[PDB]
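Chains as they are written, first to last, in the authors' numbering: chain D, 1 to 225, 228 to 403; chain C, 2 to 225, 228 to 403; chain A, -13 to -5, 1 to 720. Where a beta carbon is used, it is the ideal one built from N, C-alpha and C, also for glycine. Before any comments, here is the structure.
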Ligand SMILES: O=S(=O)(O)c1ccc(Br)cc1
Ligand SMILES: O=S(=O)(O)c1ccc(Br)cc1
Ligand SMILES: O=S(=O)(O)c1ccc(Br)cc1
């Protein structure tokens, strides 16, 4: 507690879509280096030798994203060779796990100023390219009762009773709040456009957004576009044996988009911030990690959010803003139902359904989003949490400074 | 803040690459075997206290992909709240997992954490994950990429280590490893690998060639991604004063390609008293550093000075030193720069004789120094590893 | 989204449209503003109209044939526009090549067979057009070449040349054999390597053969007709993609090998070609094509491209266009060529004079020792017959032109004399005064000298108006430069007759006024002296070699010093000392001469003696003499490597400026070509004169930054780096 972790910067790239995406020609290493160079523009006279480590989350660390891409970004960007570099994978919360670990390392007293974030080029490195123990070990797939996150979301909507209209009503709500935040200029300072080697613009906006979404168009969609293979409905029901039939309510219009993107967060102690002349923007109050049943998989944010509230000695009302990655519409609807979250405090600037879910980089993106929305509202606290494959959960409370 | 102690530290034997005993074992089971051994040692342990499982893996692909730490948590039947995260910092992945676990406990927001590594190099070879610095010419060109094998030969050329100087060390590592196995130094921490029926697969480090002779090492031919043109001329473009690289490293004075895994339990003092566990060693300090990426393996030298500076200690106060034996010239330069006594360095042999399971070597040479500090009744040890890309990690522990 | 360069609110038309009764459209290219087809603003708009018309009429078109109405097929682009592209014009450069490739991509995915009728040379933008077609037929006509030589101008094939070759031959083969060096192929070699599918005899049977292939392709292969292999469902790239386990094992070795062949020289074109080749093989053809454009725009706006386009296009044309040729003079044919002297230099002169269809009269002393000169001509022809580059009829008529002899009377008809006996000014005077009366009054009397002035030698002839200095390089069969030294008595006609002779034997001529060391030998002296100066100052000899190779030189300086005897350097160091000490002037010795004399005192004169800065066994170079570091206390002075690279490049650049100031060189085009092809000045600079106007460093870019860096070197290494007043205000 003696050394508190602060957030000095939090930037991210625009999220390019999967098919005909604008970032498909850009290597995921180039996405991280651009964010490093942007932090150089904002602080040209920073002693980068104070930067002790770079931590990047990545769920598919193979191919373009293999070989410790955090260390490749340190060398390619020209940072001091002493600035470390480590890649970690905790599925969808790899970006937030990097921010939390960088905060825990600052508190431990053995790190002064650490960069943390994530990168994921799902159009170049599709999800599942990194192999996996499941499938390559049928004895393990059979024993743990593997069910992909798509069915788990449909199972949550069946148990809690979320209709197709209920999940599509949230999808439209996420699209509307994203377009209002964008045209309002909320993301002007954080979304660093991507440029080529000649300076030409490649992308500057979240192109997965469909701001002209209507209730009727969301009803014309079709569900579940691995999930279309047989077995997973029966495997999930053999675990949740009281459910008779799974209602498939999720489509590409109410599920998180497959996008490319990356994000960076500069974290350091109060002493290091004064040494380099940096102004802190937020404080890492508490971090927590828990998990829920591995078959429904997506649940897990709830016991982790409650764990991070008890660690910081706070309640739901003490937290001004709540931010949960919109992997699926029913997951956020259950999260609001369990902890009784007001509508106005939940994913206020839209979420992954409209702008995308760059797996390894999402945790660092939505966190940086809450840093801006706290300053823009002059609010105090915010709670960031993510559902994770396998059944895990990660939460983090930040307080505006 | 809160102190982080080591309560348990075990590791599997290391099976060799060519015709290895562990080739048929999935790298997930190498970890699940070690989790079941911890359970056998502490049956009454409440596993809901274990808040994370942090495993190092340099080639997280295929058998080692999909967050093998989470697969270890689920397959072993651990509580589903016990997390599971894989990381990758090249050779120091095994030590960085322990350092991160100790740092998470020091921050206070974690009580009891498992940390370790795993690398089945006979099933998932090195560089199987692709890589950005390698499989992209624009970066390979600018950063002047060069393998560790070339950088190790360049260290021998610059420092004057002859072929006999590095082969004399490999003999010393073979002898200290054979003498240590005979005295049963490893009988308690080396958990033999078994199958689903209880049959023995491997109970010893089979990469060891204990009958190595100075004459036999001389007949080995130098193995210098090498044997592909370019990397000799690239290194000399940055080290322009050196004229030719003296290729002194062979397969006998370099670390061995092996399969293996290691596990280290770490927790606060309150987590130990509450679970009835005996703290064996205390993480005193850690450090991260690095050096030129073309020489690569000179990162342990500033990382050891940075960690001795944090603990407020000196080379004299460290009873045992433990540097990973990736290449014989790297350990010799480390001994020369810091003037390390000869009888303090890699006292139980190193990766030249037993092997270098990349992502798990950090947690193996740490658990080795916990065993030795107890057996010698000594006080402090220092563990460090050279890293590809020119990094370095070091850790100081103290017996309790 | 458009096929045209503009899309808002008047050039010529290049392409003719011919559809026949079958439905085969014949696109014949014919640029009315030049005898060669070229990729300018007219073509892009002309092909835009043709491609748009192919789509709107596709329901009545069966196939397309692309031919040219010129003696060539297609060659290059508008260099006068590309050399002006600025970094803020990268958006325009990007859009232009994207427009060019969208045209070829529509033509390629037309659903109908497209055949290229290559009637002649197809280079650069020409082969890139033919590569978009599905079939290629070339005529085995004389003078026809095929290749992508954009890398020789600091560029890359940006019209699909990289994307398609890497896709036809794989990453490694396309880069090595076609892209990295821009190798030019004759049609027989092109059909073997895969660039060309069929061959015909004359250009008359090209369009009929192209239409005959379209008719057969539609019958036998009706589905795959007009479909390139990479647009098929089961395409597999040769050698595999970067994802293939076989290629990803050696893929990291490609950039390291490129740093070996370039020795670390700052030449960014092969770097961008290798980067666009690999990154392109990871994605689809259309995304790969756009990555190619971004790397292309990165080179066009750069300075290294502007340096090469200046030297290898504009400066080389102005020389071959008769710039240094005296005005108005005509030609006098060279009937018989008397090559006095038959040594190493004398043999090469007679060979290239015989390979140009001129009669040679080789003359020397010993008919036995003068047969080695013709034996050198047969050693080459026998190697050429084995390589298939010449025929026995072409090889016998060549040796028949050479008339080895030893009689002075066998000069009744000779009107051109080259003396390459050996070097001694007094001995030269007497041997010259022999054939002057035997030859006709219009007979040139040349001389091959490296440093001895011509005007002093010209006194030993009556017709001093025909005494000239023709300086060849070793070996004469391969070296392309010929330094013509103009004396005080040489007339406008006698110089022009030598200028015409050089172009006839296929070499590059530069005209130089009489001076000590002239230009080539004088500038190359400052390069080696600056390196030996660094060796005496205490710099590591390995660092000196790495500085010379990473600067872009062909041979490192200390190595080059052993190839031209150190005592030969000492002799010139005395001839120059006697030269200044006779005009009432004192002589300041270069600090390198102390190193030369220290090596000569030690008995290490270079390669001939068998010991220099390197050691020599088995005729090959072993390594640096191990006692060299102890002799000159190497390691005491450790300057940064960039200062060593600049000390060697600035010494030659400032010496070139002193030559242009003293009237030694007339134009800057000769200074660039003379430095690039004569002494080996790095091609990325574009010449020792372009290096000044095209300098680039932390001090900026241009003549002003060059002066700043030259003064920065002056304050730390000596006042020989202070720039002349001609570069100042
Ligand atoms: O900008 S244009 O499309 O008119 C153009 C530019 C350079 C060249 Br070479 C050809 C055409
Ligand atoms: O902007 S320019 O008109 O100078 C231009 C130059 C080269 C190319 Br290719 C395209 C355009
Ligand atoms: O024919 S070349 O490939 O050498 C070529 C020349 C000029 C330009 Br602009 C482009 C290409």
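Looking at the backbone, the Cα of residue 153/A and that of residue 267/A are separated by about 7 Å. Across the structure, residue 216/D and residue 231/D are spaced so that their CA atoms are roughly 28 Å apart.
Chain-ordered, the residues whose CB falls short of 6 Å from any heavy atom of ligand 2 come out as 72/A, 73/A, 75/A, 76/A, 80/A, 83/A, 84/A, 87/A, 88/A and 291/A. Between residue 399/C and the set 341/C, 329/C and 307/C, the nearest pair of CA atoms involves 307/C. Scanning its chain for C-beta atoms nearer than 6 Å, with the 5 sequence neighbours on each side dropped, one finds around residue 228/C the residues 148, in chain order.
According to DSSP, residue 109/A shares a beta bridge with 129/A. For residue 607/A, the secondary structure class from DSSP, reduced to helix, strand or coil, is strand. Relative to ligand 3, the beta carbon of residue 268/D is positioned no closer than 8 Å to any heavy atom. Using a Cβ-Cβ distance cut-off of 8 Å, the region 234 to 249 of chain D and the region 148 to 160 of chain D are in contact, since at least three pairs of beta carbons, one from each stretch, lie closer than that value. Taking a 10 Å sphere around the C-beta of residue 68/A, we find 16 or more other C-beta atoms and assign the residue as buried. Near chain D, meaning a CB-to-CB distance below 8 Å, no residue of the region 152 to 174 of chain C qualifies.
Neighbourhood of residue 101/D in chain C, by CB distance below 7 Å: 101, in chain order. If you check the CB distance, residue 95/D and residue 366/D come in under 9 Å. The Cβ atoms of residue 108/D and residue 82/D do not sit closer than 9 Å to each other. For residue 145/D, the closest C-alpha among the options 358/D, 295/D, 320/D and 383/D is that of 295/D. Across the region 195 to 225 of chain D, CB contacts with chain A closer than 8 Å involve 196, 197, 198, 199 and 200, in sequence order along the chain. Of the heavy atoms belonging to ligand 1, at least one sits nearer than 8 Å to the Cβ of residue 70/A. Annotated three-state conformation of residue 261/C is strand, per DSSP.
The alpha carbon of residue 79/D has as its nearest neighbour, out of 293/C, 328/C, 298/C and 124/C, the alpha carbon of 293/C. Within the DSSP bridge table, the entry for residue 393/D names no partner.
The C-beta of residue 150/C comes no closer than 9 Å to any C-beta of chain D. Two segments are said to touch when three or more pairs of C-beta atoms, one from each, lie closer than 8 Å; by this definition the region 100 to 117 of chain C does not touch the region 309 to 323 of chain C.
Residue 393/A and residue 371/A have their alpha carbons spaced roughly 14 Å apart. Close to residue 240/C, with beta-carbon spacing below 7 Å, are these residues of chain A in chain order: 250, 255, 537 and 541.
Residue burial is scored here from C-beta neighbours: residue 511/A has at least 16 other C-beta atoms within 10 angstroms and is therefore classed as buried. Shown here, residue 9/A sits in a strand according to DSSP, grouped into three states.
Taken through DSSP and simplified to helix, strand or coil, residue 267/C comes out as strand.
Within the region 19 to 30 of chain D, 24, 25 and 27 place their CB atoms closer than 8 Å to a CB of chain A, listed in sequence order. Within the chosen limit of 8 Å, ligand 1 does not reach the beta carbon of residue 119/A with any heavy atom. Look at the region 601 to 625 of chain A: the residues with a C-beta under 9 Å from a C-beta of chain C are 614, 615 and 625. In this structure, ligand 1 has no non-hydrogen atom nearer than 8 Å to the beta-carbon of residue 270/A. In terms of Cβ geometry, residue 554/A and residue 594/A do not form a close pair [threshold 9 Å]. A residue is called buried once 16 or more other Cβ atoms fall within 10 Å of its Cβ, and residue 20/D, having fewer, is exposed. Beta bridge pairing from DSSP links residue 431/A with no other residue.
Sequence-ordered contacts of the region 52 to 79 of chain D with chain A read 63 and 64 [C-beta pairs closer than 9 Å]. Among the residues of chain D, none has a CB under 8 Å from the CB of residue 88/A; the nearest is roughly 12 Å distant.
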